[PDB]
Amino acid sequence: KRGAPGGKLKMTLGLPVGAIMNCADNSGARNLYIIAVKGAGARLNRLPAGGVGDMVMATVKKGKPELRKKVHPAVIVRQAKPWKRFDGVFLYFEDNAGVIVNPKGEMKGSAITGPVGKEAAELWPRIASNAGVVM
Amino acid sequence: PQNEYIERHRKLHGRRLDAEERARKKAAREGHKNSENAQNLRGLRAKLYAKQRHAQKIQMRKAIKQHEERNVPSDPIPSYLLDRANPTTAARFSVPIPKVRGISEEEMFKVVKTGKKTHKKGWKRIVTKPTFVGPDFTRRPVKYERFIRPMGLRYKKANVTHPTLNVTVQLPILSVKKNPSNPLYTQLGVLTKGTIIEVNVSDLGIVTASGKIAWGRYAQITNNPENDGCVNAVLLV
Amino acid sequence: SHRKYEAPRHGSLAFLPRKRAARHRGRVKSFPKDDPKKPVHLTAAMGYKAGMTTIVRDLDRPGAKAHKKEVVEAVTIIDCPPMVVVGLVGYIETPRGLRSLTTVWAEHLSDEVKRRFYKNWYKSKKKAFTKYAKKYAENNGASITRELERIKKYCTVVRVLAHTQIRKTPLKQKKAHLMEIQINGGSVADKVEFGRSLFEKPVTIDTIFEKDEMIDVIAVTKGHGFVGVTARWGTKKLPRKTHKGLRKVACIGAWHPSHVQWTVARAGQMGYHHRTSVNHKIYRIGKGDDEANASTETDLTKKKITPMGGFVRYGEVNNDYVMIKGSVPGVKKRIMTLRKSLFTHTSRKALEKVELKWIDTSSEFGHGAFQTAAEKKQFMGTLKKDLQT
Amino acid sequence: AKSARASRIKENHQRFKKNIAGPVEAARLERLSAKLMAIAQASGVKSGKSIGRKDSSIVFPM
Amino acid sequence: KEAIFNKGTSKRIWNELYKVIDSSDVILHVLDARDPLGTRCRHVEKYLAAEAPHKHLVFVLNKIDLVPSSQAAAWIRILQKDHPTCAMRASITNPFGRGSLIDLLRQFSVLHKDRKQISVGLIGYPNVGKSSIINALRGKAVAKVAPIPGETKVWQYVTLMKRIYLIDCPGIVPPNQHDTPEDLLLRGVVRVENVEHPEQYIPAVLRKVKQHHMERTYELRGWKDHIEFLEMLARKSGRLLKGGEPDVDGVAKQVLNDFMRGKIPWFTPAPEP
Amino acid sequence: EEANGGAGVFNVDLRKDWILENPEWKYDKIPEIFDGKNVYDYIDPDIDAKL
Amino acid sequence: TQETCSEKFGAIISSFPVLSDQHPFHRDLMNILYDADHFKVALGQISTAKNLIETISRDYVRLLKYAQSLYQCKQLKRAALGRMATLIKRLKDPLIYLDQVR
RNA sequence: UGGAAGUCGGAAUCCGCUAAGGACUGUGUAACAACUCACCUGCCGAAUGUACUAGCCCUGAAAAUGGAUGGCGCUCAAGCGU
RNA sequence: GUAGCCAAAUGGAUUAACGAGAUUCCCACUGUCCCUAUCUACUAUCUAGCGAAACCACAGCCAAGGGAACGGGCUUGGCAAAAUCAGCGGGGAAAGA
RNA sequence: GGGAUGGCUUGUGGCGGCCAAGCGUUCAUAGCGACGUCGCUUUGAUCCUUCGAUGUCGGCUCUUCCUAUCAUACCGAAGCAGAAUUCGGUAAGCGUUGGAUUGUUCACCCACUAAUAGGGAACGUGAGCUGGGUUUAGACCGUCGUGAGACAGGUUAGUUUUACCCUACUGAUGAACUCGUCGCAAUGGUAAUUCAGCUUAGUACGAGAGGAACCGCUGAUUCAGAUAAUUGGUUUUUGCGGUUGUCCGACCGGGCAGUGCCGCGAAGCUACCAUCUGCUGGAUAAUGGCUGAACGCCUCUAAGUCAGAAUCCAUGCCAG
Ligand SMILES: Nc1nc2c(ncn2[C@@H]2O[C@H](COP(=O)(O)OP(=O)(O)OP(=O)(O)O)[C@@H](O)[C@H]2O)c(=O)[nH]1
Ligand SMILES: [Mg+2]
Ligand SMILES: [Mg+2]
C-alpha cells in the first residue's frame, strides 16, 4: 500500500514541495526537506503539497549524518497555514513540523516533542500512541 | 497449493458441466471464424494472418503428400567423417561480378563546410561509404586533412566465402586492390560492391604445390556495405 | 507537431456563448415528466434571494467521519412570500413540438401583476384586461367555459400562471414576476379543475416544497462586465513585463485553419449567465408569522431569521423563507426559481432528515459577536446615553 | 473507475430509485398534494359546452 | 547520485578523447604526483595496447613540487617499468623537466622524420596540468589554465616546433564501479561549489592529511572531530551566518578547495619494493 | 446492523443505553443555548437553595 | 527495438533464481529437478543474446549517423532488425526449457 | 522405464481371423481399464467428391481541420460485360 | 624528505589592491513561481472643440479539385440577410524588408 | 540585377550453398522459383576498448486532430488457486505530472502517480515572445599565410520599433412586422474523471506465506459551473488612531511631503488560501449466446434473434 491515508477530509495544504519543516520526534534529525507528497495528483505547473496528517517524502538537511543520505517517509503533524475543521474552527500552529515513519506508519523515533494535530492523530494510530498532547 | 494442484483438482472435482460441449461448439465454429478473419481483418494484421495461413497450407500439403507417399550422404566420406555435419559442396579469368553500378564523386563525397562567417569554405570532403584504412593508421591533422574517413565507417574483417568448399569464414582484410569506379577510391580504400580486396586466408587451410602456406588471396565484394552494415566477399578461385 | 506536455482544457464548451442572459428572470427549460398516477401538484415556485448565514447541524450520516457530530455549514436564505395564481395555459403536442393552444386568466388581476405588462405604468391608463374581465360577466362566462373545455379535451400539458407579491418584500421594485408552473399528476381534466379552483388564490411555499427535499435553483449569475482571458477562462498569466500584454493568451492560433477557432479563449462578457443548479437540500421552511423561526429545539433564544442590523443590501425577511444548504447562482434582491428535481434521487443525502441546532443571526455588516440586541446590551452594560435618556 | 454513463451504475441507481427513494418521495408528494388540495378547495353553442371556434400557410394560395 | 559526479564520462568528452587519440602519434598521459595510480587511466592504456600499438604512450608525472623528491623518484622508478616517464613542474616562468620532455619529443620526431610532423596529444584526469604542460613547453600562455576542473572543453592544436604539434584534450574520468563520489572529489573531478553537503568529505581529507600539517596550515588545534574542526575554523576566520552561527558549509568548501589546489600538504607514499 | 441495512446505512441509537431517573426523558432535546448563555454552565444540582 | 529486447531479457535473467546464492538444499534440489548445467547454459545464452543485441544496436546507430538517404537509412534499420531477429531465432530451445522451468 | 499393456520415448511395424479392424488416430489411467478414430456390416436412397481455371465481391496497411465517382443519389441500378 | 639539499627572509606567475569586465556557489531576501487576487493615478471609453498619416489593381466566408507541389477570382459543394460599437492578433496587409 | 522526392512511408539483414510445390521444357533438360534450411557475422560473463556537428534544435502560452491504447471500461487466452500479472481484441469517452543535471548533439536519472503512450496540424522554406545553429561593425587567444587576411577552432559585447484597415474570432446594439407579456424548439454546443477507505472479510482460495470480488456506505484527485455565511488577502471608507519634518504665535483644528509613513479597518471584490453543486434512456463494437439452413453430422448467421465497452445517439445542461 502507498502512504496516502483514507478517510481524510479536505483541508488547506500549507507545505508545498521544497518546504523545510521541523522534525518533531527524537530520531536524530532536526529538519525535513519535502521532495514529494504521497497521493498528489497531476496538473501542469502545480507543485505537490501536503497538510497535517499527510505522508510526504522528506530529506534530512540538518541532523545525524546516518540519517543524511536517505529519503524517509514522514507525516506532517503541525502546520502554520490556517485550516478549517468540520466544526467551523480555523486554526494554525506556530511552526510546520513532521515525524519520520515507515511506509506502514510505525514511527522511527520513540517520543514526540510538542503537540500533534487531530488529523494526524486519527489517521496514524502510532502517532496517537506516541503523542503527549493531541491538539 | 503445491506441485500439480490443478490436475489434482481436475481428478477430484472435474470440469465445469458445459466445458466439453462449449469446446466442441467452438471447434465447430472455427471454420466460420477463420473465413470471417480472412474476409474482415484489415491492414498489417490481415497481411500477417495471410502469410501464416499460407505457411500452414503449404505444411499441410507436404504432410498429405508424405502420407500418400509412405507406401513405396552424397559425397563419399570415411567412417570417422560419417554422421557429422558436413557442407553440401555444390581461359577467361573473369571475376563473378565484372560490372557494377558506377558511383559519382558527388555521391562519394559530401562537402564539409568550415568557417565562422555566413559564407563558408568548402575544401574538405567526407567519404560516405565504408573504408579500410590499413594498419598503423594515424589521421592527418585537420588543417591538412582533406578527405575525412570517419572512424565509425571503418572496417577490418569481412565474411569471405570459398565457392568450392562452400565455407564462409570471417577473415581479416589485408588491403584494397581495385575499386572499379575510381583509382582515388582505391587509394582511399573504399569498400563497395565489386571491389577487389586482399584477404587473409590462413584459417581456410590452403597450401601451394611447393608446400608453402598461402595466407593472402583476392576476394570480390558481393554486396553493398553502406546498406548492409557488413562486408560480404567471395574468394576468386 | 504535438504538444509536449498534456494539460486539460480551460473552461467548458457546454456553456457557450459566454453572453448575457436574454431575460432577467430565469427560465425553466424542463419540467419533471408527468405521471398521471400521481396526485395533482405544482412543480415550481419563485422567491427572492435575501443573503446567507451560518448554521450548526447535528449530522446523522452513517459511514462518514462526522457521524453523530456537529458540523458548521453555509446556507442561503430565500424570502418566499406566497404566489397568486391568475392563469391557466393549455399545451398540445404537434410534430413541431409543444404548442400553446389557449390560456385563461382570472377575473381580477392585481396592480403589481398588471405592472408587468407596462413600461410606463405611471403614464398608463391601466386598461389591461379590462375588456377581458367583462367576459366573466357576459353570458355567464361562456367564452371562459369553452376555453376551459378546449384545454380539457385537446391539451396534454397544463400550467398555471402565478405571480409574486413583490410588495411584501423590501425591494423598491413594484412590478411583480409572473411565471408558468406545470401541474404534474392526475388527468388533464383534474389539472384544469385544479387550476380553476386555484384562480385568484395565494399558494404558500410550504405546500409546494418540504423540508429535507433537494430542489433545483434557476437564476442569472452575478455580472462582471467585460473581462480578460485570465479571469474569464482561467488561463495562465504570461511572465512579468511580457510584450503587448501579460494577461493574455500568447497564441490564439499557430496552425491551420487560417482562422481563429471558436474554441480559443477570448475576452468578453463574464457573468450574468443563466444557470440551473441541481440537488440543493432544503434545511428549513420558516413561517412568516412565527416570531421564533430562527430558534431550534436546543437554542431557546426567541428570534427571527433576519440578522442583527438586517440583511446587508436587502432588508428584513418578514414572509415565509427557505433555507438552502450551500450557494445559489444569483445575487441579493434577485428573483430565484425553485424547481422540483426531474428524476428520483440516488443519494442518501436526499433521504437524510436535518436537525438544526443553531442558526447564526449576528451582524453581517461587520464582525458581529451578538445574536440579539438584548445580548449586546447584556454584554456592554449601561452606557452614557442610557443615563442621558 | 465506472463512469456515470455505465450500464451497471445505471442499474444500481434504478434499483435505488425503485426500492428506497421512491416510497419516501411518494409520501412527501402525497402530503404536499393534500395540503394544496386544502388550499384549492378552501344550448351547447350558447352555453360554451359545444366548443366552437374562437372569435404563413400550409397550402398553396388557391 | 548527483549528476556532477558523472562529469568526465560524457559522450562528447570521450568523442573528443578518441578524436585526439586517432589524430596523435605520441600520447602524453599526465599523472598527479600526489596520486599517480589514482590518476592512471588503465582503460585508455588497454585500448592503446589492444587497438593501436603504433602510438607511443609516455607518462608525465606532473606537480612534483607538491611531493617529496624521494617519493617522486620512487614513483618514477615504478612507472618506468611500464612506460617512459618524465617528471615535470609545469610553469611558464619556473618550469622543471622542460628540457628533458623537449628532447624526448625531438627524439620521436627524428624517429618519424618520414612524416611531415608528429602529433602529441595530452590525456589524463581533469586538473592534472595538461594545459599547464603545453604552456610550459611553449614558454607562452597558449592554452587556458585554471584550478577549476574542466577548463578545457574542446581539443586544441598548438604548434611547438616546425614538426611537433601538441593536442590539448578535455579531461576524462573512466567509469569504475568501485569508485566513489568521495574518491572522485578527492581526485579533483568535480567543483566543490556544485556539490551538496560538503561536510561529509572532510573526514576523508583529515585521513589523507597528517594532523600537524593541518595544525600549521590553519593555526588551530584541539579538535576531536571534523564538525568541531570546521566550527573552530569558522569562528576563527569569521565565517559566520546570521546570529554568529558558523558557516560550516563554506568553511568545508574552502578546506576542500585548498586540499585540491595544493595548499595543504598531502601525498600518497610509494609502495616499497 | 445487518438486519437493518448493513454498515454505512444503519443508524445507531446512542441514547438507548442511557440510565435516567425517568426513562421517558431518554429522547429529550437537552437545551444548550438560552439568550446568549450556556445552560450547561448554569446547571447546578443545588440551584434552588442558591436561588 | 534494442530497449524492448534488453528489458525483456533483463527481466528473464533477474527473475530466475541464482543457484550460487541459494541455500544448499534449494540449490541441490534445483540441480535434481532441473539440470544445473542446462539451467546455467540457458540463462547464459539469454544474457549473451541481450549483449549482442546491444552491440548490434550501437553499431547500426553509429552507421545511421553517416547514412545519407532514406533508402540507405531504411536498409540499415531493416538490417539491424533482421540481425536482432536472427539472434532471437537461435534461442528456440532455451526459451521453451525456461518456460517449463518457470 | 520407479511405473509405460497401441496412445512419455527409440527402432521395427508381421501374421492370423477376416466383412473389417493401424504392432494404432485422439481422449483417458500411476499402470491397467474405459471411450474414440482409421476400416467393415445393417438401415436409407441418387447423385456426389477432390484439385484447378475464368468472372464479379471481401481482405490484400492507414494517419492526422470537415468532404467528395463533380454533387445529389443509385442496388432485377442511375454498377459491370456485350 | 609526512617534508631534503643548495643559494642573499625567500624559492614566487597559485602576484596584493582596483573594476558599470565574464563565471560558479552560500546566507539573507522576497509575487520569480505554486496561483493568483485587490487598490490608486494616467490613458483606453463616451461627449464638446480640433484633427493627421502609413497603406490602397480590384477586392475580401470556407471545403475538395484546379499535373508545372501556388490560388482570392475557375469547377463542384457547404452556404448565404441591412446598418453597427468595443476588443483581439489566426490570415491578407504591415520591417526607411 | 537575378533567386530563396510526393497514393512517398511501417515488422521481420546481407552474401553464398542446398532442397523445393510449381512455371517451363519435354528435337536442347537448360533456365525462374515461394515455403524453408545451412555457414559467417558468457555455465546468467565482463565492467581495464563511450570510435568525428556540413546538415540544429528548444522552451513558454494555448487550441484541435489521429490511433499506431500507457492508464481507466469491457472481453478472449495462459499452472491464471488467491493476490499480482503476461499475451491479444473492441475501444481516443477521459487523463497522461513534479524536479535535478549545459566542463553540452542537453539527453539520461529521481520521485509522485491509475498512468506518467506516441504522433500531426511548422521542421516537403518562411513577422506572437524568448534562449542555442548564428555568423555586420569593437577585441583577444590557437592554426595557416611574408602580408592584407583567411580559418580546425575557442571566448566576450552587441538597433527593427504595426494595427486605427479587410476577414476571422470573442462579446455588445439594432431598422423593417403596433407595443408588450408568457411560451415552443429547428439548429449549433454539450461534461465529467480517477483513486482511496468502511463493509463484504481475514471470507472464498491456500500446505504455508498470504489473500479477493459483486451489492451497500463514505471521502478525496483532476476537471467544470457558481458563490462570499465564515476565515485569510486587498484599503482613497484617506473611517478612526498613532507618528517624523515643516508651516498656520501656543492649544484646538488643520495644510504640505503627488496616498509622508504606520496600526486597525467595515463594505466591495476575491482564494481548493474559502464554501456549494455536477443528473439517465435507447442502440451498438469486440465477445458470450438461442433457434436454425447452407452441407441428411455440425454451425452465434444465412432468414430470425438475446445480451453486452468509459463507445454512438439523445435527455438532463448552454444558446435561441
Ligand atoms: N603545484 C603545481 N601546480 C600545477 C602544476 N601544473 C599545473 N598546476 C595547477 O593545476 C591546475 C590544473 O591544471 P590545468 O593547467 O588547468 O590543466 P588540466 O589538467 O588539463 O586541467 P583542465 O583544463 O581543467 O582539464 C592549474 O590551475 C595549475 O595552477 C605544477 O606543476 N605544480
Ligand atoms: Mg586543460
Ligand atoms: Mg582546469
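Numbered from 1 within each chain, the chains take letters A, B, ... in sequence-line order. Worth knowing before you read on, the calculation uses all heavy atoms, side chains too, and leaves out hydrogens, waters and symmetry mates.
For I/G91, its base never sits under 3.5 Å from the side chain of C/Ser258 at any donor and acceptor pair. Judged by distance alone with a 3.5 Å cut-off, a donor-acceptor contact links the side chain of B/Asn232 to the base of J/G14. No donor-acceptor contact under 3.5 Å links the side chain of B/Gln170 to the base of J/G39. With hydrogens and angles left out, the side chain of C/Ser277 and the base of J/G225 share no donor-acceptor pair within 3.5 Å. Counting atom types as modelled, A/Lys81 pairs a side-chain N or O with a base atom of J/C273 as donor and acceptor under 3.5 Å. Side chain D/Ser3 to base J/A73: no donor-acceptor pair is found below 3.5 Å. The base of I/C88 sits within donor-acceptor range of the side chain of C/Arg266, with an N or O pair under 3.5 Å. One cannot find a donor-acceptor pair under 3.5 Å joining the base of J/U104 and the side-chain atoms of E/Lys153. Within 3.5 Å, no donor on the side chain of B/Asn159 pairs with an acceptor on the base of J/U41, nor the reverse. A donor-acceptor contact under 3.5 Å is formed by the side chain of D/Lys10 with the base of J/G281. Below the 3.5 angstrom threshold, one finds no donor paired with an acceptor across the side chain of A/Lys8 and the base of J/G219. The base of J/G289 does not come close enough to the side chain of B/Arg29 for any donor and acceptor atom to sit less than 3.5 Å apart. For B/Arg154 against J/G52, a side-chain-to-base donor-acceptor contact under 3.5 Å is present. Counting atom types as modelled, B/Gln2 pairs no side-chain N or O with a base atom of J/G208 as donor and acceptor under 3.5 Å.
Stacking between E/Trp14 and J/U50 is shown: the ring centroid lies under 5.5 Å from the centre of the six-membered base ring, and the planes differ by under 30°.
Within the nucleic acid shown, C/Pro307 has no heavy atom closer than 4.0 Å to any nucleic acid atom. Across all strands, E/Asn94 comes closer than 4.0 Å to base atoms (heavy-atom distances). In this structure, E/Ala143 reaches neither bases nor backbone, as no heavy-atom distance under 4.0 Å exists between it and the strands shown. Heavy atoms of C/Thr263 sit under 4.0 angstrom from primed sugar atoms or phosphate atoms, though from no base atom. Residue D/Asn12 is classed as a sugar-phosphate contact, given heavy-atom separations below 4.0 Å to backbone atoms only. E/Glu51 comes within 4.0 angstrom of a base, heavy atoms only.
Atom P of nucleotide J/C108 and atom CZ of E/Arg12 are separated by 18 Å, given to the nearest angstrom. Here the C1' atom of nucleotide I/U32 and the CG atom of C/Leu238 are 15 Å apart, to the nearest Å. Rounded to whole Å, the distance from NZ on B/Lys117 to P on J/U54 is 20 Å. Per the geometry, NZ belonging to B/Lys143 stands 9 Å off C1' belonging to J/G153, to the nearest Å. Rounded to whole angstrom, the span from the NZ atom of C/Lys248 across to the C1' atom of I/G87 amounts to 9 Å. With rounding to whole Å, C/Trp255 atom CH2 is found 11 Å from J/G126 atom P. Straight-line distance from the NZ atom of B/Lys120 to the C1' atom of J/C151: 11 Å, rounded to whole Å. Here J/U155 presents its P atom at 14 Å from CH2 of E/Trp155, a figure rounded to the nearest Å.
Within a 6.0 Å radius of NZ in D/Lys10, more than 12 heavy atoms belonging to other residues, nucleotides or ligands are found. Within a 6.0 Å sphere centred on NZ of E/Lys242, heavy atoms belonging to other residues, nucleotides or ligands number 12 at most. Around NZ of E/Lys153, the count of heavy atoms belonging to other residues, nucleotides or ligands within 6.0 Å exceeds 12.
Pairing between J/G210 and J/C205: present (Watson-Crick or G-U wobble, both distances under 3.5 Å). Base-pair annotation: J/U173 with I/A83 meets the Watson-Crick or G-U wobble criterion (two N/O distances, each under 3.5 Å). Base-pair annotation: J/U222 with J/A192 meets the Watson-Crick or G-U wobble criterion (two N/O distances, each under 3.5 Å). With the cut-off at 3.5 Å for both distances, J/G6 forms no Watson-Crick or G-U wobble pair with J/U72. Judged by the 3.5 Å cutoff on both pairing distances, J/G22 and J/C32 qualify as a Watson-Crick or G-U wobble pair. Pairing status of I/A93 against J/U162: a Watson-Crick or G-U wobble pair, both distances under 3.5 Å. Remark: J/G24 does not pair with J/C35, failing the Watson-Crick or G-U wobble criterion at under 3.5 Å for both atom pairs. Base pair annotation for J/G232 with J/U270: paired, by the Watson-Crick or G-U wobble rule (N1-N3 plus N6-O4 or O6-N4, or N1-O2 plus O6-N3, under 3.5 Å). A Watson-Crick or G-U wobble pair joins J/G282 and J/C312, with the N1-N3 or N1-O2 distance and the second distance both under 3.5 Å. A Watson-Crick or G-U wobble pair links J/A307 with J/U287, each of its two atom distances being under 3.5 Å.
Base orientation of J/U104: anti (glycosidic angle beyond 90° from 0). In J/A68 the base sits syn relative to the sugar, since the glycosidic angle is no further than 90° from 0. Syn is the classification of H/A23, since its glycosidic angle stays within 90° of 0. For J/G13, the base is anti relative to its sugar; the glycosidic angle deviates from 0 by more than 90°. Regarding the sugar-base torsion, J/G241 falls in the anti class, its angle being beyond 90° of 0.
The shortest side-chain heavy-atom distance between C/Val260 and C/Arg266 falls under the 4.5 Å cut-off. For the pair C/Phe15 and C/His273, the minimum side-chain heavy-atom distance is 4.5 Å or more.
Nucleotides of RNA chain J nearest to B/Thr222 and B/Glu4 differ in position, and the one nearer the 5' end is that of B/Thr222. Take the nearest nucleotide of RNA chain H for B/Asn37 and for B/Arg61: the residue whose nucleotide is more 5' is B/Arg61. Place G/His38 and C/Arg99 on RNA chain J by their nearest nucleotides, and G/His38 ends up nearer the 5' end.
Candidate nucleotides J/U277, J/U181, I/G1 were compared by shortest atom distance to the side chain of C/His280, and J/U277 ranks first. Nearest nucleotide to the C/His256 side chain, out of J/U105, J/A121, J/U43: J/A121. The side chain of E/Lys7 lies closest to J/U104 when the candidates are J/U10, J/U104, J/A310. Between J/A274, J/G44, J/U280, one nucleotide has an atom nearer to the side chain of D/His13 than all others, and that is J/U280. Closest to the side chain of B/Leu44, from the set J/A229, J/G11, J/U275, is J/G11. The side chain of C/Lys325 lies closest to J/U277 when the candidates are J/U277, J/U116, J/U9. Closest to the side chain of B/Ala46, from the set J/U193, J/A228, H/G60, is H/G60.
The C1'-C2'-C3'-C4' torsion of J/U194 is positive, so its sugar falls on the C3'-endo, or north, side.
Salt bridge annotation for G/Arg78-B/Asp228: absent, with no cationic side-chain nitrogen under 4.0 angstrom from a carboxylate oxygen.
In the model, E/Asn6 has a side-chain atom that pairs as donor or acceptor with a side-chain atom of E/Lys1 under 3.5 Å.
Placement of G/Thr86, defined by side-chain heavy atoms under 5.0 Å from groove-facing base N or O atoms, is in the major groove.
For the adjacent pair J/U105 and J/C106, the base rings do not count as stacked by a centre distance under 5.5 Å and plane angle under 30°.
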